[PDB]
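Note: the block below is input_29.csv and it holds CSV, N, CA and C atoms and all ligand atoms.
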chain,number,residue,atom,x,y,z
L,1,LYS,N,6.0,-11.8,0.8
L,1,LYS,CA,5.4,-12.8,1.7
L,1,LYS,C,4.7,-13.8,0.8
L,2,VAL,N,4.9,-15.1,1.0
L,2,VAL,CA,4.1,-16.1,0.3
L,2,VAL,C,3.1,-16.6,1.4
L,3,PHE,N,1.9,-16.2,1.1
L,3,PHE,CA,0.7,-16.6,1.9
L,3,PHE,C,0.4,-18.1,1.8
L,4,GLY,N,0.0,-18.7,2.9
L,4,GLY,CA,-0.7,-20.0,2.8
L,4,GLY,C,-2.1,-19.8,2.3
L,5,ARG,N,-2.7,-20.8,1.7
L,5,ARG,CA,-4.1,-20.7,1.1
L,5,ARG,C,-5.1,-20.2,2.1
L,6,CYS,N,-5.2,-20.9,3.3
L,6,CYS,CA,-6.2,-20.4,4.3
L,6,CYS,C,-5.8,-19.1,4.9
L,7,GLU,N,-4.5,-18.9,5.1
L,7,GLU,CA,-4.0,-17.6,5.6
L,7,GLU,C,-4.5,-16.5,4.7
L,8,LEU,N,-4.4,-16.6,3.4
L,8,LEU,CA,-4.8,-15.6,2.4
L,8,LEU,C,-6.3,-15.4,2.5
L,9,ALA,N,-7.0,-16.6,2.5
L,9,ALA,CA,-8.5,-16.5,2.6
L,9,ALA,C,-8.9,-15.7,3.8
L,10,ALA,N,-8.3,-15.9,4.9
L,10,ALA,CA,-8.7,-15.2,6.2
L,10,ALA,C,-8.4,-13.7,6.0
L,11,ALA,N,-7.3,-13.4,5.4
L,11,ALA,CA,-6.9,-11.9,5.3
L,11,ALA,C,-7.9,-11.3,4.3
L,12,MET,N,-8.2,-11.9,3.2
L,12,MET,CA,-9.1,-11.4,2.2
L,12,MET,C,-10.5,-11.2,2.8
L,13,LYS,N,-11.0,-12.2,3.6
L,13,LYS,CA,-12.3,-12.1,4.3
L,13,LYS,C,-12.3,-10.9,5.3
L,14,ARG,N,-11.2,-10.8,6.1
L,14,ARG,CA,-11.1,-9.8,7.1
L,14,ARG,C,-11.2,-8.4,6.4
L,15,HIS,N,-10.6,-8.3,5.2
L,15,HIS,CA,-10.6,-7.0,4.4
L,15,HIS,C,-11.8,-6.8,3.5
L,16,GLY,N,-12.8,-7.7,3.7
L,16,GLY,CA,-14.1,-7.4,3.0
L,16,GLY,C,-14.2,-7.9,1.6
L,17,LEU,N,-13.4,-8.7,1.1
L,17,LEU,CA,-13.5,-9.2,-0.3
L,17,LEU,C,-14.5,-10.3,-0.5
L,18,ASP,N,-14.8,-11.1,0.6
L,18,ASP,CA,-15.8,-12.2,0.4
L,18,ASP,C,-17.1,-11.5,0.0
L,19,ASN,N,-17.6,-11.9,-1.2
L,19,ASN,CA,-18.9,-11.5,-1.7
L,19,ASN,C,-18.8,-10.0,-2.2
L,20,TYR,N,-17.6,-9.5,-2.3
L,20,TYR,CA,-17.5,-8.1,-2.8
L,20,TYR,C,-17.9,-8.1,-4.3
L,21,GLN,N,-18.8,-7.2,-4.7
L,21,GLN,CA,-19.4,-7.1,-6.0
L,21,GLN,C,-19.9,-8.5,-6.4
L,22,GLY,N,-20.4,-9.3,-5.5
L,22,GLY,CA,-21.0,-10.6,-5.7
L,22,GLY,C,-20.0,-11.7,-5.9
L,23,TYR,N,-18.7,-11.5,-5.8
L,23,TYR,CA,-17.7,-12.6,-6.0
L,23,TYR,C,-17.3,-13.2,-4.7
L,24,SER,N,-17.7,-14.5,-4.5
L,24,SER,CA,-17.4,-15.2,-3.3
L,24,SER,C,-15.9,-15.3,-3.1
L,25,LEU,N,-15.5,-15.6,-1.8
L,25,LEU,CA,-14.1,-15.6,-1.4
L,25,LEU,C,-13.3,-16.6,-2.2
L,26,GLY,N,-13.8,-17.7,-2.6
L,26,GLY,CA,-13.0,-18.7,-3.4
L,26,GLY,C,-12.6,-18.1,-4.7
L,27,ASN,N,-13.4,-17.2,-5.3
L,27,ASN,CA,-13.0,-16.6,-6.6
L,27,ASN,C,-11.8,-15.7,-6.4
L,28,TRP,N,-11.7,-15.0,-5.3
L,28,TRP,CA,-10.5,-14.2,-5.0
L,28,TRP,C,-9.3,-15.0,-4.7
L,29,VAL,N,-9.5,-16.1,-3.9
L,29,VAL,CA,-8.3,-17.0,-3.6
L,29,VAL,C,-7.8,-17.6,-4.9
L,30,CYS,N,-8.7,-18.2,-5.7
L,30,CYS,CA,-8.4,-18.8,-7.0
L,30,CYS,C,-7.6,-17.8,-7.8
L,31,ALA,N,-8.1,-16.5,-7.9
L,31,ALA,CA,-7.5,-15.5,-8.7
L,31,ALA,C,-6.0,-15.3,-8.2
L,32,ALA,N,-5.9,-15.2,-6.9
L,32,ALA,CA,-4.5,-14.9,-6.4
L,32,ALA,C,-3.6,-16.1,-6.6
L,33,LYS,N,-4.1,-17.3,-6.5
L,33,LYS,CA,-3.3,-18.5,-6.8
L,33,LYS,C,-2.7,-18.4,-8.2
L,34,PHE,N,-3.5,-18.2,-9.2
L,34,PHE,CA,-3.0,-18.2,-10.6
L,34,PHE,C,-2.4,-16.9,-11.0
L,35,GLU,N,-2.7,-15.8,-10.4
L,35,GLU,CA,-2.0,-14.5,-10.7
L,35,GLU,C,-0.6,-14.5,-10.1
L,36,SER,N,-0.4,-14.9,-8.9
L,36,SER,CA,0.8,-14.7,-8.1
L,36,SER,C,1.3,-15.9,-7.4
L,37,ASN,N,0.6,-17.0,-7.4
L,37,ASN,CA,1.0,-18.2,-6.5
L,37,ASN,C,1.0,-17.7,-5.1
L,38,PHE,N,0.2,-16.8,-4.7
L,38,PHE,CA,0.0,-16.3,-3.3
L,38,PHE,C,1.2,-15.5,-2.8
L,39,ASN,N,2.1,-15.0,-3.7
L,39,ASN,CA,3.3,-14.3,-3.4
L,39,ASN,C,3.1,-12.8,-3.6
L,40,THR,N,3.2,-12.1,-2.5
L,40,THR,CA,2.9,-10.6,-2.6
L,40,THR,C,4.0,-9.9,-3.4
L,41,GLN,N,5.2,-10.6,-3.5
L,41,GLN,CA,6.3,-9.9,-4.2
L,41,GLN,C,6.3,-10.1,-5.7
L,42,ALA,N,5.4,-10.9,-6.2
L,42,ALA,CA,5.3,-11.2,-7.7
L,42,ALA,C,5.2,-9.9,-8.5
L,43,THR,N,6.1,-9.9,-9.6
L,43,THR,CA,6.0,-8.8,-10.6
L,43,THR,C,6.1,-9.5,-12.0
L,44,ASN,N,5.4,-9.0,-13.0
L,44,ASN,CA,5.5,-9.5,-14.3
L,44,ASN,C,5.4,-8.4,-15.3
L,45,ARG,N,6.3,-8.2,-16.3
L,45,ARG,CA,6.3,-7.2,-17.3
L,45,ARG,C,5.3,-7.6,-18.4
L,46,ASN,N,4.5,-6.7,-18.8
L,46,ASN,CA,3.6,-6.9,-20.0
L,46,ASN,C,4.2,-6.3,-21.3
L,47,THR,N,3.6,-6.8,-22.4
L,47,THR,CA,4.2,-6.4,-23.7
L,47,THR,C,4.1,-4.9,-24.0
L,48,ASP,N,3.1,-4.2,-23.4
L,48,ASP,CA,2.9,-2.8,-23.6
L,48,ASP,C,3.8,-1.9,-22.8
L,49,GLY,N,4.7,-2.5,-22.0
L,49,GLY,CA,5.7,-1.8,-21.1
L,49,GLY,C,5.2,-1.6,-19.7
L,50,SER,N,3.9,-1.9,-19.4
L,50,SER,CA,3.4,-1.9,-18.1
L,50,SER,C,3.9,-3.1,-17.3
L,51,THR,N,3.7,-3.1,-16.0
L,51,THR,CA,4.1,-4.2,-15.2
L,51,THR,C,2.9,-4.5,-14.2
L,52,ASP,N,2.7,-5.8,-13.9
L,52,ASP,CA,1.7,-6.3,-12.9
L,52,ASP,C,2.4,-6.5,-11.6
L,53,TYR,N,1.7,-6.1,-10.5
L,53,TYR,CA,2.3,-6.2,-9.2
L,53,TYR,C,1.4,-6.9,-8.1
L,54,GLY,N,2.1,-7.7,-7.3
L,54,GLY,CA,1.5,-8.2,-6.1
L,54,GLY,C,0.6,-9.4,-6.3
L,55,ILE,N,-0.1,-9.7,-5.2
L,55,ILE,CA,-0.9,-11.0,-5.1
L,55,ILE,C,-2.0,-11.1,-6.2
L,56,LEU,N,-2.5,-9.9,-6.6
L,56,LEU,CA,-3.5,-9.9,-7.7
L,56,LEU,C,-3.0,-9.2,-8.9
L,57,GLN,N,-1.7,-9.1,-9.1
L,57,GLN,CA,-1.1,-8.7,-10.4
L,57,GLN,C,-1.8,-7.5,-11.0
L,58,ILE,N,-1.8,-6.4,-10.2
L,58,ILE,CA,-2.4,-5.2,-10.6
L,58,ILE,C,-1.5,-4.4,-11.5
L,59,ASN,N,-2.0,-3.8,-12.5
L,59,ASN,CA,-1.2,-3.2,-13.6
L,59,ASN,C,-0.9,-1.7,-13.5
L,60,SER,N,0.3,-1.4,-13.9
L,60,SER,CA,0.8,0.0,-13.8
L,60,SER,C,0.3,1.0,-14.8
L,61,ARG,N,-0.4,0.5,-15.9
L,61,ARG,CA,-0.9,1.5,-16.8
L,61,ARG,C,-2.1,2.2,-16.2
L,62,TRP,N,-3.0,1.5,-15.6
L,62,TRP,CA,-4.3,2.1,-15.1
L,62,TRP,C,-4.2,2.4,-13.6
L,63,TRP,N,-3.6,1.6,-12.8
L,63,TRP,CA,-3.9,1.5,-11.4
L,63,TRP,C,-2.9,2.0,-10.4
L,64,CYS,N,-1.6,1.9,-10.7
L,64,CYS,CA,-0.6,2.2,-9.7
L,64,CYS,C,0.5,2.9,-10.4
L,65,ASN,N,1.3,3.7,-9.7
L,65,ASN,CA,2.5,4.4,-10.3
L,65,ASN,C,3.8,3.6,-10.1
L,66,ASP,N,4.5,3.2,-11.2
L,66,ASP,CA,5.8,2.6,-11.1
L,66,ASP,C,6.9,3.5,-11.7
L,67,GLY,N,6.5,4.7,-12.2
L,67,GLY,CA,7.5,5.7,-12.7
L,67,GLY,C,8.1,5.3,-14.1
L,68,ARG,N,7.6,4.2,-14.7
L,68,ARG,CA,8.2,3.8,-16.0
L,68,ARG,C,7.2,3.4,-17.0
L,69,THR,N,5.9,3.7,-16.8
L,69,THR,CA,4.8,3.2,-17.7
L,69,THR,C,4.2,4.4,-18.4
L,70,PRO,N,4.8,5.0,-19.5
L,70,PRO,CA,4.3,6.3,-20.0
L,70,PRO,C,2.8,6.4,-20.3
L,71,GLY,N,2.2,7.5,-20.0
L,71,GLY,CA,0.7,7.7,-20.2
L,71,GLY,C,-0.1,7.0,-19.1
L,72,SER,N,0.6,6.4,-18.2
L,72,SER,CA,0.0,5.7,-17.0
L,72,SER,C,-1.0,6.6,-16.3
L,73,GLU,N,-2.2,6.0,-16.0
L,73,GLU,CA,-3.1,6.6,-14.9
L,73,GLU,C,-2.6,5.9,-13.7
L,74,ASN,N,-2.9,6.5,-12.5
L,74,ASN,CA,-2.6,5.9,-11.2
L,74,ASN,C,-3.9,5.9,-10.4
L,75,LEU,N,-4.9,5.2,-10.9
L,75,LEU,CA,-6.3,5.4,-10.4
L,75,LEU,C,-6.5,4.9,-9.0
L,76,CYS,N,-5.6,4.1,-8.5
L,76,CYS,CA,-5.6,3.7,-7.1
L,76,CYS,C,-4.8,4.6,-6.2
L,77,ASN,N,-4.1,5.6,-6.8
L,77,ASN,CA,-3.3,6.6,-6.1
L,77,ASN,C,-2.3,6.0,-5.2
L,78,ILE,N,-1.5,5.0,-5.7
L,78,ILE,CA,-0.5,4.4,-4.8
L,78,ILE,C,0.7,4.2,-5.7
L,79,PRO,N,1.9,4.0,-5.1
L,79,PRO,CA,3.1,3.5,-5.7
L,79,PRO,C,2.8,2.0,-5.9
L,80,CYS,N,3.3,1.4,-7.1
L,80,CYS,CA,3.1,0.0,-7.3
L,80,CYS,C,3.8,-0.8,-6.3
L,81,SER,N,4.9,-0.3,-5.7
L,81,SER,CA,5.6,-1.1,-4.6
L,81,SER,C,4.7,-1.3,-3.4
L,82,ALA,N,3.7,-0.5,-3.2
L,82,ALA,CA,2.7,-0.7,-2.1
L,82,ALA,C,2.0,-2.1,-2.3
L,83,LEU,N,1.9,-2.5,-3.5
L,83,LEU,CA,1.2,-3.7,-3.8
L,83,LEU,C,2.1,-5.0,-3.6
L,84,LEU,N,3.3,-4.8,-3.2
L,84,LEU,CA,4.2,-5.9,-2.9
L,84,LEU,C,4.4,-6.2,-1.4
L,85,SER,N,3.7,-5.4,-0.6
L,85,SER,CA,3.9,-5.5,0.9
L,85,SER,C,3.3,-6.8,1.4
L,86,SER,N,3.8,-7.2,2.5
L,86,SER,CA,3.2,-8.4,3.3
L,86,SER,C,1.8,-8.1,3.7
L,87,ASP,N,1.5,-6.8,3.9
L,87,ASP,CA,0.2,-6.3,4.3
L,87,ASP,C,-0.6,-6.1,3.0
L,88,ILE,N,-1.7,-6.9,2.8
L,88,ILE,CA,-2.5,-6.9,1.5
L,88,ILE,C,-3.4,-5.7,1.4
L,89,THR,N,-3.5,-4.8,2.4
L,89,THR,CA,-4.5,-3.8,2.4
L,89,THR,C,-4.5,-3.0,1.1
L,90,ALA,N,-3.4,-2.5,0.6
L,90,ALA,CA,-3.4,-1.7,-0.6
L,90,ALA,C,-3.9,-2.5,-1.8
L,91,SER,N,-3.4,-3.8,-1.9
L,91,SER,CA,-3.9,-4.6,-3.0
L,91,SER,C,-5.4,-4.8,-2.9
L,92,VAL,N,-6.0,-5.0,-1.7
L,92,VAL,CA,-7.4,-5.2,-1.6
L,92,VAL,C,-8.1,-3.9,-2.0
L,93,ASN,N,-7.7,-2.8,-1.5
L,93,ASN,CA,-8.4,-1.5,-1.8
L,93,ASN,C,-8.4,-1.3,-3.3
L,94,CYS,N,-7.3,-1.6,-3.9
L,94,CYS,CA,-7.2,-1.3,-5.4
L,94,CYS,C,-8.1,-2.4,-6.1
L,95,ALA,N,-8.0,-3.6,-5.7
L,95,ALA,CA,-8.8,-4.7,-6.4
L,95,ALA,C,-10.3,-4.3,-6.3
L,96,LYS,N,-10.8,-3.7,-5.1
L,96,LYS,CA,-12.2,-3.3,-5.0
L,96,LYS,C,-12.5,-2.3,-6.1
L,97,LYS,N,-11.6,-1.3,-6.4
L,97,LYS,CA,-11.9,-0.4,-7.4
L,97,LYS,C,-12.0,-1.1,-8.8
L,98,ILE,N,-11.0,-1.9,-9.0
L,98,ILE,CA,-10.9,-2.6,-10.4
L,98,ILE,C,-12.2,-3.4,-10.6
L,99,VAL,N,-12.6,-4.2,-9.6
L,99,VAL,CA,-13.8,-5.1,-9.9
L,99,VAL,C,-15.1,-4.4,-9.9
L,100,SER,N,-15.1,-3.1,-9.5
L,100,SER,CA,-16.3,-2.3,-9.5
L,100,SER,C,-16.5,-1.7,-10.9
L,101,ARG,N,-15.5,-1.7,-11.8
L,101,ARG,CA,-15.4,-0.9,-13.0
L,101,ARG,C,-16.4,-1.2,-14.1
L,102,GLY,N,-17.0,-2.4,-14.2
L,102,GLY,CA,-18.1,-2.7,-15.2
L,102,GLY,C,-17.9,-4.1,-15.8
L,103,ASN,N,-16.6,-4.6,-16.0
L,103,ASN,CA,-16.4,-6.0,-16.5
L,103,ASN,C,-16.1,-6.9,-15.3
L,104,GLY,N,-16.2,-6.4,-14.1
L,104,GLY,CA,-16.1,-7.3,-12.9
L,104,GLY,C,-14.7,-8.0,-12.9
L,105,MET,N,-14.8,-9.3,-12.5
L,105,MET,CA,-13.5,-10.0,-12.3
L,105,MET,C,-12.9,-10.5,-13.7
L,106,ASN,N,-13.7,-10.2,-14.8
L,106,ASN,CA,-13.1,-10.5,-16.1
L,106,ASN,C,-11.9,-9.7,-16.3
L,107,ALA,N,-11.7,-8.6,-15.6
L,107,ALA,CA,-10.5,-7.8,-15.6
L,107,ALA,C,-9.2,-8.6,-15.4
L,108,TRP,N,-9.3,-9.7,-14.6
L,108,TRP,CA,-8.2,-10.6,-14.3
L,108,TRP,C,-8.2,-11.7,-15.3
L,109,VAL,N,-7.3,-11.8,-16.2
L,109,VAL,CA,-7.3,-12.8,-17.3
L,109,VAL,C,-7.1,-14.2,-16.6
L,110,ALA,N,-6.3,-14.3,-15.6
L,110,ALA,CA,-6.1,-15.7,-15.0
L,110,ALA,C,-7.4,-16.1,-14.3
L,111,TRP,N,-8.2,-15.1,-13.8
L,111,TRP,CA,-9.5,-15.5,-13.2
L,111,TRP,C,-10.4,-16.0,-14.3
L,112,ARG,N,-10.5,-15.3,-15.4
L,112,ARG,CA,-11.4,-15.7,-16.6
L,112,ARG,C,-11.0,-17.1,-17.0
L,113,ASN,N,-9.7,-17.3,-17.2
L,113,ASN,CA,-9.2,-18.5,-17.9
L,113,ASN,C,-9.0,-19.7,-17.0
L,114,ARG,N,-9.0,-19.5,-15.7
L,114,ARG,CA,-8.7,-20.7,-14.8
L,114,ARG,C,-9.6,-20.8,-13.6
L,115,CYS,N,-10.4,-19.8,-13.3
L,115,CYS,CA,-11.3,-19.8,-12.2
L,115,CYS,C,-12.7,-19.7,-12.6
L,116,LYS,N,-13.1,-18.8,-13.5
L,116,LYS,CA,-14.5,-18.5,-13.8
L,116,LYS,C,-15.2,-19.8,-14.2
L,117,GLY,N,-16.3,-20.1,-13.6
L,117,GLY,CA,-17.1,-21.2,-13.9
L,117,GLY,C,-16.7,-22.5,-13.3
L,118,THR,N,-15.6,-22.5,-12.5
L,118,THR,CA,-15.0,-23.7,-11.9
L,118,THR,C,-15.6,-23.8,-10.4
L,119,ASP,N,-15.3,-24.9,-9.8
L,119,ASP,CA,-15.7,-25.1,-8.3
L,119,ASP,C,-14.7,-24.3,-7.5
L,120,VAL,N,-14.9,-22.9,-7.4
L,120,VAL,CA,-14.0,-22.0,-6.7
L,120,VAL,C,-14.1,-22.2,-5.2
L,121,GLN,N,-15.2,-22.8,-4.7
L,121,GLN,CA,-15.3,-23.0,-3.3
L,121,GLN,C,-14.2,-24.0,-2.8
L,122,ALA,N,-13.7,-24.8,-3.7
L,122,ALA,CA,-12.6,-25.7,-3.3
L,122,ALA,C,-11.5,-24.9,-2.7
L,123,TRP,N,-11.2,-23.7,-3.2
L,123,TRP,CA,-10.1,-22.9,-2.7
L,123,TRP,C,-10.2,-22.5,-1.2
L,124,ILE,N,-11.4,-22.6,-0.6
L,124,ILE,CA,-11.5,-22.2,0.8
L,124,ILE,C,-11.9,-23.5,1.6
L,125,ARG,N,-11.9,-24.7,1.0
L,125,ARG,CA,-12.1,-25.9,1.8
L,125,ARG,C,-11.1,-26.1,2.9
L,126,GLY,N,-11.6,-26.6,4.1
L,126,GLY,CA,-10.7,-26.8,5.2
L,126,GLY,C,-10.4,-25.6,6.1
L,127,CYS,N,-10.6,-24.4,5.6
L,127,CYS,CA,-10.2,-23.2,6.3
L,127,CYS,C,-11.2,-22.9,7.4
L,128,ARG,N,-10.7,-22.4,8.6
L,128,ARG,CA,-11.6,-21.8,9.7
L,128,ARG,C,-11.7,-20.3,9.5
L,129,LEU,N,-12.8,-19.9,9.0
L,129,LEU,CA,-13.0,-18.5,8.5
L,129,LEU,C,-14.2,-17.9,9.2
S,1,CL,CL,-2.5,-21.3,5.5
S,2,CL,CL,-2.6,-23.9,-2.9
S,3,CL,CL,-16.4,-19.6,-2.6
S,4,CL,CL,-2.8,-8.7,5.4
S,5,NA,NA,0.6,4.1,-13.9
Go through the file and emit its structure as structure tokens.
Amino acid sequence: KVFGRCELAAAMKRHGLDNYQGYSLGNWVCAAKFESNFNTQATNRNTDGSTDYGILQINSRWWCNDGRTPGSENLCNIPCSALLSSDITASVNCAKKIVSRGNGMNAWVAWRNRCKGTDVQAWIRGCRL
């Protein structure tokens, strides 16, 4: 599913990401824009042999099981394919664990490099939330 911007904002708010670990909703929408272009089906292979999955490009080494990432932890206890669903619940639950870990949203390199320090509230402008 390719979410609309306000559609994704509403879903992330409903699932409790607005202000989660102090990160306002626009941070999460901006992260999703640059990680996945709002596409739940996005996948991208990393140089270490892991793969990133879903709207927030969650990685198979630490977080989800894809059956092909040797030495993988599955700290979210899900199959990585759960992260490609039109239902963002599994991505949100796993993102909450990731962002709680100690480096916060710096875990998402697209967030560091294209959202951090910017006017992220622009990403929820116009939305009825
Ligand atoms: Cl929308
Ligand atoms: Cl957009
Ligand atoms: Cl915001
Ligand atoms: Cl959803
Ligand atoms: Na894994």
Exercise. Just how far from CA of residue 49 (chain L) is CA of residue 27 (chain L), in Å to one decimal?
Worked result: 27.9 Å
For this session: DSSP on the backbone, then: every residue of chain L marked helix (DSSP H, G or I), written as number ranges by chain.
Result: L: 5-14, 25-36, 80-84, 89-99, 104-107, 109-114, 120-124
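Compared by their closest atoms to residue 55 (chain L), and using all atoms listed in the file, the residues L:81, L:91, L:72, L:21 rank with L:91 nearest.
Going from CA of residue 65 (chain L) over to CA of residue 108 (chain L), you cover 18.9 Å.
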Residues near region 56-61 of chain L, anyone? I mean within 6 Å using only N, CA and C atoms, not counting same-chain ones fewer than 6 positions away, as a short mmCIF file (atom, residue, chain, number, x, y, z; two decimals) with N, CA and C atoms, in the coordinates of the input.
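This went into result_3.cif:
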data_model
loop_
_atom_site.label_atom_id
_atom_site.label_comp_id
_atom_site.auth_asym_id
_atom_site.auth_seq_id
_atom_site.Cartn_x
_atom_site.Cartn_y
_atom_site.Cartn_z
N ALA L 31 -8.10 -16.50 -7.90
CA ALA L 31 -7.50 -15.50 -8.70
C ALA L 31 -6.00 -15.30 -8.20
N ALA L 32 -5.90 -15.20 -6.90
CA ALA L 32 -4.50 -14.90 -6.40
C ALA L 32 -3.60 -16.10 -6.60
N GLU L 35 -2.70 -15.80 -10.40
CA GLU L 35 -2.00 -14.50 -10.70
C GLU L 35 -0.60 -14.50 -10.10
N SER L 36 -0.40 -14.90 -8.90
CA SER L 36 0.80 -14.70 -8.10
C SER L 36 1.30 -15.90 -7.40
N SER L 50 3.90 -1.90 -19.40
CA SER L 50 3.40 -1.90 -18.10
C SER L 50 3.90 -3.10 -17.30
N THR L 69 5.90 3.70 -16.80
CA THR L 69 4.80 3.20 -17.70
C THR L 69 4.20 4.40 -18.40
N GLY L 71 2.20 7.50 -20.00
CA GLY L 71 0.70 7.70 -20.20
C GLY L 71 -0.10 7.00 -19.10
N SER L 72 0.60 6.40 -18.20
CA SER L 72 0.00 5.70 -17.00
C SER L 72 -1.00 6.60 -16.30
N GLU L 73 -2.20 6.00 -16.00
CA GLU L 73 -3.10 6.60 -14.90
C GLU L 73 -2.60 5.90 -13.70
N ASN L 74 -2.90 6.50 -12.50
CA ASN L 74 -2.60 5.90 -11.20
C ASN L 74 -3.90 5.90 -10.40
#
Cut-off 7 Å: closest chain L/ligand CL 4 (chain S) atom pairs per residue, using only C-alpha atoms and all ligand atoms, as CSV:
residue,atom,partner,partner_atom,distance
L:11,CA,S:CL4,CL,5.2
L:86,CA,S:CL4,CL,6.4
L:87,CA,S:CL4,CL,4.0
L:88,CA,S:CL4,CL,4.3
L:89,CA,S:CL4,CL,6.0
Seminar exercise, completed: As a check of understanding: the span from atom CL of ligand CL 1 (chain S) to CA of residue 5 (chain L) is 4.7 Å
Exercise. Ligand CL 2 (chain S): which residues are within 8 Å, counting all atoms listed in the file, as JSON, numbers by chain?
Worked result: {"L": [4, 5, 6, 33, 37, 38, 123]}
Hey, could you make a per-residue contact list for chain L against ligand CL 3 (chain S) with 10 Å as the cut-off, showing the nearest pair of atoms and its distance in Å to one decimal, counting only C-alpha atoms and all ligand atoms, sorted by chain and number, as CSV?
residue,atom,partner,partner_atom,distance
L:9,CA,S:CL3,CL,10.0
L:18,CA,S:CL3,CL,8.0
L:19,CA,S:CL3,CL,8.5
L:23,CA,S:CL3,CL,7.9
L:24,CA,S:CL3,CL,4.6
L:25,CA,S:CL3,CL,4.8
L:26,CA,S:CL3,CL,3.6
L:27,CA,S:CL3,CL,6.0
L:28,CA,S:CL3,CL,8.4
L:29,CA,S:CL3,CL,8.6
L:30,CA,S:CL3,CL,9.2
L:119,CA,S:CL3,CL,8.0
L:120,CA,S:CL3,CL,5.3
L:121,CA,S:CL3,CL,3.6
L:122,CA,S:CL3,CL,7.2
L:123,CA,S:CL3,CL,7.1
L:124,CA,S:CL3,CL,6.5
L:125,CA,S:CL3,CL,8.8
Problem set entry | Residue nearest ligand NA 5 (chain S) - candidates L:68, L:45, L:1, L:112, atoms counted: only C-alpha atoms and all ligand atoms | L:68
Can you check which residues of chain L DSSP gives as strand (DSSP E) on the backbone and send them as a PDB file with N, CA and C atoms, keeping the file's coordinate frame?
ATOM      1  N   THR L  43       6.100  -9.900  -9.600  1.00  0.00           N
ATOM      2  CA  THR L  43       6.000  -8.800 -10.600  1.00  0.00           C
ATOM      3  C   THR L  43       6.100  -9.500 -12.000  1.00  0.00           C
ATOM      4  N   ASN L  44       5.400  -9.000 -13.000  1.00  0.00           N
ATOM      5  CA  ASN L  44       5.500  -9.500 -14.300  1.00  0.00           C
ATOM      6  C   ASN L  44       5.400  -8.400 -15.300  1.00  0.00           C
ATOM      7  N   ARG L  45       6.300  -8.200 -16.300  1.00  0.00           N
ATOM      8  CA  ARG L  45       6.300  -7.200 -17.300  1.00  0.00           C
ATOM      9  C   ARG L  45       5.300  -7.600 -18.400  1.00  0.00           C
ATOM     10  N   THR L  51       3.700  -3.100 -16.000  1.00  0.00           N
ATOM     11  CA  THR L  51       4.100  -4.200 -15.200  1.00  0.00           C
ATOM     12  C   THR L  51       2.900  -4.500 -14.200  1.00  0.00           C
ATOM     13  N   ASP L  52       2.700  -5.800 -13.900  1.00  0.00           N
ATOM     14  CA  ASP L  52       1.700  -6.300 -12.900  1.00  0.00           C
ATOM     15  C   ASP L  52       2.400  -6.500 -11.600  1.00  0.00           C
ATOM     16  N   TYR L  53       1.700  -6.100 -10.500  1.00  0.00           N
ATOM     17  CA  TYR L  53       2.300  -6.200  -9.200  1.00  0.00           C
ATOM     18  C   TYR L  53       1.400  -6.900  -8.100  1.00  0.00           C
ATOM     19  N   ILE L  58      -1.800  -6.400 -10.200  1.00  0.00           N
ATOM     20  CA  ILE L  58      -2.400  -5.200 -10.600  1.00  0.00           C
ATOM     21  C   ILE L  58      -1.500  -4.400 -11.500  1.00  0.00           C
ATOM     22  N   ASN L  59      -2.000  -3.800 -12.500  1.00  0.00           N
ATOM     23  CA  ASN L  59      -1.200  -3.200 -13.600  1.00  0.00           C
ATOM     24  C   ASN L  59      -0.900  -1.700 -13.500  1.00  0.00           C
TER      25      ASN L  59
END
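Within the 7 Å cut-off around residue 43 (chain L), using only C-alpha atoms and omitting residues fewer than 6 positions from it on the same chain, the listed residues are residues 51, 52, 53 and 54 of chain L.
Between residue 98 (chain L) and the residues L:64, L:115, L:84, L:110, the shortest atom-to-atom distance, using only C-alpha atoms, involves L:64.
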Exercise. So, counting only C-alpha atoms and all ligand atoms, which residue among L:75, L:12, L:107, L:17 is closest to ligand NA 5 (chain S)?
Worked result: L:75
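When only N, CA and C atoms and all ligand atoms are used to compute distances to ligand CL 1 (chain S), the closest of the residues L:22, L:8, L:39, L:48 turns out to be L:8.
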Problem set entry | Shortest interatomic distance to ligand NA 5 (chain S) - which of L:96, L:114, L:76, L:46, counting only C-alpha atoms and all ligand atoms | L:76
Mind completing region 93-98 of chain L with N, CA, C and O atoms? Output as a compact mmCIF listing (two decimals), keeping the file's coordinate frame, please?
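Output file rebuild.txt is given in full below:
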# COMPACT_ATOMS: atom_id res chain seq x y z
N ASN L 93 -7.70 -2.80 -1.50
CA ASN L 93 -8.40 -1.50 -1.80
C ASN L 93 -8.40 -1.30 -3.30
O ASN L 93 -9.42 -0.86 -3.87
N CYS L 94 -7.30 -1.60 -3.90
CA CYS L 94 -7.20 -1.30 -5.40
C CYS L 94 -8.10 -2.40 -6.10
O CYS L 94 -8.78 -1.98 -7.07
N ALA L 95 -8.00 -3.60 -5.70
CA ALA L 95 -8.80 -4.70 -6.40
C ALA L 95 -10.30 -4.30 -6.30
O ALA L 95 -11.08 -4.58 -7.21
N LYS L 96 -10.80 -3.70 -5.10
CA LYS L 96 -12.20 -3.30 -5.00
C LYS L 96 -12.50 -2.30 -6.10
O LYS L 96 -13.62 -2.35 -6.67
N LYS L 97 -11.60 -1.30 -6.40
CA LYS L 97 -11.90 -0.40 -7.40
C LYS L 97 -12.00 -1.10 -8.80
O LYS L 97 -12.87 -0.81 -9.58
N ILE L 98 -11.00 -1.90 -9.00
CA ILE L 98 -10.90 -2.60 -10.40
C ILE L 98 -12.20 -3.40 -10.60
O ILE L 98 -12.81 -3.28 -11.70
